[PDB]
Visitor: 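So that we are looking at the same thing, I have put the structure below in structure tokens.
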Amino acid sequence: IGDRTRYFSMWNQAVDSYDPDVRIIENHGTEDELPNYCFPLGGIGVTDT
Amino acid sequence: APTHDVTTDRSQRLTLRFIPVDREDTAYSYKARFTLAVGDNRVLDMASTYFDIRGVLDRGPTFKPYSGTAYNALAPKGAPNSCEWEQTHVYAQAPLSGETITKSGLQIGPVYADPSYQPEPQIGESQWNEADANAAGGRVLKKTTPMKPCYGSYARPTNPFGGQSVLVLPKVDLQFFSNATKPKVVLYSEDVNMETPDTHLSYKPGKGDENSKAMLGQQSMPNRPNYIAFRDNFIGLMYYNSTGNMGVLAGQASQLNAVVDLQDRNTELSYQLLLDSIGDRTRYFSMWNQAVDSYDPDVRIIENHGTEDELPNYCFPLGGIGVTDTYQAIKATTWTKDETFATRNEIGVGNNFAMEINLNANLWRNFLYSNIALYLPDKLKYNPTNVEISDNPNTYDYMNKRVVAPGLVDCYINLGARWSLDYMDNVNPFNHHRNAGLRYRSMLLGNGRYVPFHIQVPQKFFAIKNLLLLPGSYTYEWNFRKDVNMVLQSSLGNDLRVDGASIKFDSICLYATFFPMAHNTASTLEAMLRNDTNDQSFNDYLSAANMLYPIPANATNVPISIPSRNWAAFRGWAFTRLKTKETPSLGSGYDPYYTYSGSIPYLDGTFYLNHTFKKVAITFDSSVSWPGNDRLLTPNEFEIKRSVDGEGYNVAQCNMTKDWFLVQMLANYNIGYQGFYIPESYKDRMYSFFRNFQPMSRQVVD
Amino acid sequence: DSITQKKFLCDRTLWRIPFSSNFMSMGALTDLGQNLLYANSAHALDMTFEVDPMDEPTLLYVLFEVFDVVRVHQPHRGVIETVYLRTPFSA
Amino acid sequence: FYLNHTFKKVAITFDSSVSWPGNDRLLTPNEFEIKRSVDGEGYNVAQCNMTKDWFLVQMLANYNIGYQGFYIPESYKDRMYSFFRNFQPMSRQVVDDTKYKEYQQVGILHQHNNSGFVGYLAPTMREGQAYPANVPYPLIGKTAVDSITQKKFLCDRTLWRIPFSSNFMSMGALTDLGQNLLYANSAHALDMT
Amino acid sequence: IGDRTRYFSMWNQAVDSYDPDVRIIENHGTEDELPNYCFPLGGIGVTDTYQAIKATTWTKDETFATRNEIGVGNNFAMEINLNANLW
Amino acid sequence: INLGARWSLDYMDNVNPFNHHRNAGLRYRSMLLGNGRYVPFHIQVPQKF
Amino acid sequence: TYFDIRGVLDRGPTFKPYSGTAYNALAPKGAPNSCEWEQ
């Protein structure tokens, strides 16, 4: 008689559910085409006089 | 529930299975013939029949159901594996700390390392603060094994312990090193069956694949994803609207074929639109491979609101400090060394050692490159250096190796605007790895190139798809395609005939389910239905004569002439534009010049060139302008969009005209003469005007 | 100094021009489709489309909306007779 | 509920002899076969190991869909604990370890991928050295290994249903078979397997 | 009389709203169970020069270069908590 | 902050939540004009009385 | 019916339709450019 996706605190009405992407893994990999780096706070690092 | 005249109490199967009476597999088509028997006191709703097919499919080597690599994905893209080369030089790592080293190798614990699998590359020291090892060990690749970047590197194991050495059998030779010239390091060198199945080089020092010091800097890059699967609603599998390959439905007694088709009709598109009119096409149903082609809206139209990088992000030393120095404790004006403390104490002064990275800017940039940059028109790309690349641009190798500059679609692109790149408006948005329908349909088959399949295919022809067939025997025959570019779909759209895809149909049956209707009731229904007065009748949903007119490159004016004819009952016109490369020639059983496998708008409804129309003029008897009567603001023709030269007559904050907006709202929802408002969502379906109308604006330097 | 550009996108739909005196849907068999002017005599039709140029061959896909019907008759066991009618633009 | 995929079949008998529903209704008349092993792909549907019989029965029992085509039921009738909403067919390929000659069975202890960059057998500090990965076997590309296909389905939070209706359809709370004199004027024993 | 979640440019019809996760914070933490690291572009970092030697009495191996870069122990690494930072 | 709780900061309850960069309507309406400060505009305004 | 209006708008210098910067966003926030100075 209703939509159980909506919650109502009065009756502690909040249906048990699970993340569908956890129950059934869909592994399409990662979009890691580009390299990612971290750099020296000064922007250069090793320098000489 | 009613207790009489509904169901039969006699023995009767609910589902019947028919074996082909005749099969005829040819060069590019499969022909199956069945004798569809409808017994006495029974009725059959053709909607409950379908062709059950089993066969084998090889998606080919260009099939890649994922982004990234499955091998050492975490390795820096330019980092090499421990290797050697002639100039014999070495560049390696010895992560396993040992007790001592003798001619017998590294002393693991008097047990030495078994050279076939020990030391194991994935085992090193357990803490960040380890004491320099007096003796270490590790593996290394012989100069006879081609150098490849760790990232993407793979070598099948040759022994149950993970060893990858090439069998002869395991040939592992020990090499000792030092700075008493006692050995301090030992490397178990070996050759391995080196592979890089899902990656290609993004940078190669020079020509020729000879191992060298320079080759240590090669950079690897993951290959482009390429989902390959059957089409939405099994489009293409069955011949429709093709005279030389017409289907057959005839009474074994009437002989006449009840199926009469025309190359002029479009049964696949008709089904696509029928389906969306009676249901919610966002839901998937594996049985019919029902998973509509779609695209990520944030990819089609870029909304660049920047990144929330207000806070700096850093990575730190595993010890938390980094550079430290030794100090001695002292006690008090005169200070003396404190003997209660060690003499050498590590203490770091100032803040710790740190590197900095902008996580959100990187994440955003990676999104732009992978989803838009790589999909830019080929004219914006260039050939790689020191890397072979195919001659065929319809090839995966070509599309995978052509390099694109990230700067073309960098994170500062049209900042603050909701705008689709002009270069992308005319690019089929459904041939993309983020097309959910195609991805689902691809994963429905599996994650491998070799797939034995079993599918159920529906009958889409309007004349018989909902027909209630009465008792009698009929010949039911239909033709199926074998052309991979038609039966299969790839997100990249490469030529699957050239790129090794193939399919074979092993068996095909026909299933039919009969409501177990009470026999006295079935008999009565039959008698009534055999009356011409109670003849059944249907209409094709799309209900239209389909015509394709060529538009040569760079042409702008397209006139069409329809010879004098009768127009009684004419309902109207509907239209779009298609790419010739994405429109097979159905005027034959096989199109030799068809070298594309992406979505086929003509058949599936993935239209995307509607913005390229400027205007349309309609005339009857070369004089009478329709609709005329001074109805429109520009009475002699339908103006779809006007250039900045005529902003006045435009609407909704875009270049579309008031006339056109009005006509489309009326035509689709009867909205217009009493105000403009968003139509009820039940009437504003997936292929409707409003739902898809996307006005945009942006500013550029004058 | 800047310049403004406006455009729109409208994927997966078909441009429509109904043969209705007021462009509204008031029935499958349109009012103009019933006009004696288009019944008692034939006419020629000319259409001219102006489109943005594309540096590659393309196709203008025009859908002439009509009635594509069939009436099925099953007078005796094992017999199916069909009458097809498509108008205008009859087979 | 989350164990509905673990059922293979169900046989129903009245008075230790009369098989229900019998009458040669199902493709495998003597029992309700929920799923069949690769040995009987023929009678399976929707690209998974579920049988045509079972799919038909559940569609009829839940939505009266089946005798005039298969299609997605109206969402108002396909609720949270309904069959279709929860039906999840799946497939995957794995190396054929009896047809692929080069096959080697390597346990987790000796598997290495991202060695030198990840912890060993645990979520701890990285260790080891960079090296060609030895897993997983590639199922794509030119060197794709021989593979075997596995099909299955998941169907959580629902209940398998077998309505006591002559045609499995819902034609009223008080079913037609529930009103049959055969089940009214005399008692019967029931056996289920 | 309508669904105000849909936009219509003609009347600038796009209701003012806010991210519910901003108005009411739901802090369930971060899934940072695994450590995240960044590594040297070469994959090793600090290495030292070594000479090859051949066998109780070891002599320098002339078939190998005199200076060979080999790193002992695990590679050089920095650590970062990606999910805590993102949050 | 308030780990494990679903709670709005007390300091924020009386702060207009719609004056924010994550207000979708305002962001859309802003991008409808463009991404620049200088904008020639053309609009249609309805009668509400 | 409706009023069709055309005009010009200057959102001003405080208008910023985005988060972050459009310039060298990837540079450490404290890293300088190659520069020189007197001392």
Side-chain angles (χ1 to χ4, degrees), chain B residues 422 425-426 549 551 555-560 572-577 607-620 622-635 637-642 644 646-669 671-673 676 688-690 692-697, chain C residues 4-11 13-24 32 45-54 58 60-63 65, chain E residues 9-10, chain F residues 40-44, chain G residues 2 4-6:
Chain B
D422 290 318
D425 294 338
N426 299 350
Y549 302 102
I551 301 181
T556 297
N557 192 64
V558 186
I560 70 189
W573 301 268
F575 61 84
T576 50
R577 189 176 187 175
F607 308 120
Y608 64 100
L609 299 169
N610 294 322
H611 50 287
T612 66
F613 287 86
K614 296 201 192 81
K615 62 178 62 178
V616 187
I618 305 179
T619 300
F620 278 114
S622 72
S623 185
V624 182
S625 167
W626 195 84
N629 279 305
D630 200 43
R631 297 274 184 270
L632 304 164
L633 291 166
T634 60
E637 51 169 43
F638 287 87
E639 263 172 48
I640 298 175
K641 58 179 181 177
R642 299 183 62 190
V644 179
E647 263 307 308
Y649 289 149
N650 292 344
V651 271
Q653 304 185 65
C654 72
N655 56 341
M656 181 181 292
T657 64
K658 289 182 167 61
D659 286 325
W660 196 245
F661 188 67
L662 173 63
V663 173
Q664 297 310 295
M665 287 299 282
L666 288 172
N668 285 266
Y669 327 99
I671 296 174
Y673 297 120
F676 282 123
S688 290
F689 166 67
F690 193 78
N692 291 292
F693 180 54
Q694 292 297 334
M696 304 164 266
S697 296
Chain C
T4 292
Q5 312 187 312
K6 314 161 87 66
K7 67 179 181 188
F8 70 83
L9 224 46
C10 198
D11 307 320
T13 193
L14 288 174
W15 288 137
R16 294 175 185 291
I17 299 183
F19 201 49
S20 177
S21 72
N22 58 15
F23 299 129
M24 295 186 77
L32 288 173
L45 171 66
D46 291 314
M47 282 188 274
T48 312
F49 298 75
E50 190 183 302
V51 303
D52 292 328
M54 288 175 75
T58 55
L60 175 63
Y61 176 19
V62 176
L63 298 287
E65 307 176 318
Chain E
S9 67
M10 193 174 169
Chain F
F41 67 83
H42 185 183
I43 59 184
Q44 291 75 52
Chain G
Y2 59 84
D4 187 274
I5 307 167
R6 266 166 298 172

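Atom set for the values below is all heavy atoms of this structure, side chains included, hydrogens, waters and symmetry mates excluded. Note on naming: letters A, B, ... go to the chains in the order of the sequence lines (proteins, then strands), and numbering restarts at 1 for each one.
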Visitor: Working to the nearest 0.5 Å, report the span between OG1 of B:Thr657 and CD of B:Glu647.
Guide: 11.0 Å
Visitor: Hey, is the main chain of B:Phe690 close enough, under 3.5 Å, to the side chain of B:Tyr669 for a donor-acceptor pair?
Guide: yes
Visitor: Verify, without hydrogens or angle tests, whether B:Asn610 (side chain) and C:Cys10 (backbone) share a donor-acceptor contact under 3.5 angstrom.
Guide: yes
Visitor: For the CD1 atom of B:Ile640 and the CG atom of B:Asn655, what is their distance to the nearest 0.5 Å?
Guide: 11.0 Å
Visitor: Looking at every non-hydrogen atom in both residues, tell me the closest pair between B:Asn668 and B:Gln664 and how far apart they are.
Guide: ND2-O, 2.7 Å
Visitor: Shortest non-hydrogen contact from B:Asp659 to B:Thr634?
Guide: OD2-N, 3.4 Å
Visitor: Could you pull out all residues at least two apart from B:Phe607 that satisfy ring-ring contact (aromatic ring centres under 6.0 Å, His included)?
Guide: none
Visitor: To the nearest 0.5 Å, what is the distance between NZ (C:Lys6) and OG (B:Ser697)?
Guide: 4.0 Å
Visitor: Please confirm whether the backbone N or O of E:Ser9 pairs with a side-chain atom of B:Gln653, one donor and one acceptor, at under 3.5 Å?
Guide: yes
Visitor: Measuring only between side-chain heavy atoms, which start at C-beta, is B:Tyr549 closer than 4.5 Å to C:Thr58?
Guide: no
Visitor: Could you tell me whether the side chain of B:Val558 reaches within less than 4.5 Å of the side chain of C:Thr48, counting heavy atoms only?
Guide: no
Visitor: Parallel, tilted or perpendicular: which fits the ring planes of C:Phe23 and B:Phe638, with parallel below 30° and perpendicular above 60°?
Guide: perpendicular
Visitor: Is C:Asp52 salt-bridged to B:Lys641, cutoff N-O under 4.0 Å?
Guide: yes
Visitor: Which label fits B:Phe693 and B:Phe661: parallel for a plane angle under 30°, tilted from 30 to 60°, or perpendicular past 60°?
Guide: tilted
Visitor: Do B:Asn426 and B:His611 have side-chain N/O donor and acceptor atoms under 3.5 Å apart?
Guide: yes
Visitor: For C:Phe8, what residues pass the ring-ring contact (aromatic ring centres under 6.0 Å, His included) criterion, not counting sequence neighbours?
Guide: none
Visitor: Can a donor-acceptor pair be found, under 3.5 Å and without considering hydrogens, that links the side chain of B:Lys614 to the backbone of C:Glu50?
Guide: no
Visitor: If every non-hydrogen atom of B:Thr556 is compared with every non-hydrogen atom of C:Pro53, which pair is closest and at what distance?
Guide: OG1-CB, 4.0 Å
Visitor: Taking salt bridge (charged side-chain N to carboxylate O under 4.0 Å, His left out) as the test, write out the residues that go with C:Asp46, two or more places apart.
Guide: none
Visitor: Going by side-chain hydrogen bond (donor to acceptor under 3.5 Å, both in side chains), name the residues that satisfy it together with B:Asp425, two or more places apart in sequence or in a different chain.
Guide: B:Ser420, C:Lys7
Visitor: For B:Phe676 versus B:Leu662, what's the shortest heavy-atom pair and its separation?
Guide: CZ-CD1, 3.9 Å
Visitor: Please report the interatomic distance OG(B:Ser625) to CZ(B:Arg631), rounded to the nearest 0.5 Å.
Guide: 12.0 Å
Visitor: Can you name the nearest heavy-atom pair linking B:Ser688 to C:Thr13, along with the distance?
Guide: C-OG1, 3.5 Å
Visitor: Ring centroid separation for C:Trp15 and B:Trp660, is it under 6.0 angstrom?
Guide: yes
Visitor: Excluding sequence neighbours, so at least two apart, what forms salt bridge (charged side-chain N to carboxylate O under 4.0 Å, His left out) with B:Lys658?
Guide: G:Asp4
Visitor: Does C:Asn22 have any side-chain hydrogen bond (donor to acceptor under 3.5 Å, both in side chains) partners at least two apart in sequence or in another chain, and if so, which?
Guide: C:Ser20
Visitor: For the ring pair C:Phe49 and B:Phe575, is the centre-to-centre distance below 6.0 Å?
Guide: yes
Visitor: Minimum heavy-atom separation for B:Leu609 to C:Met54, with atom names?
Guide: CD2-CE, 3.8 Å
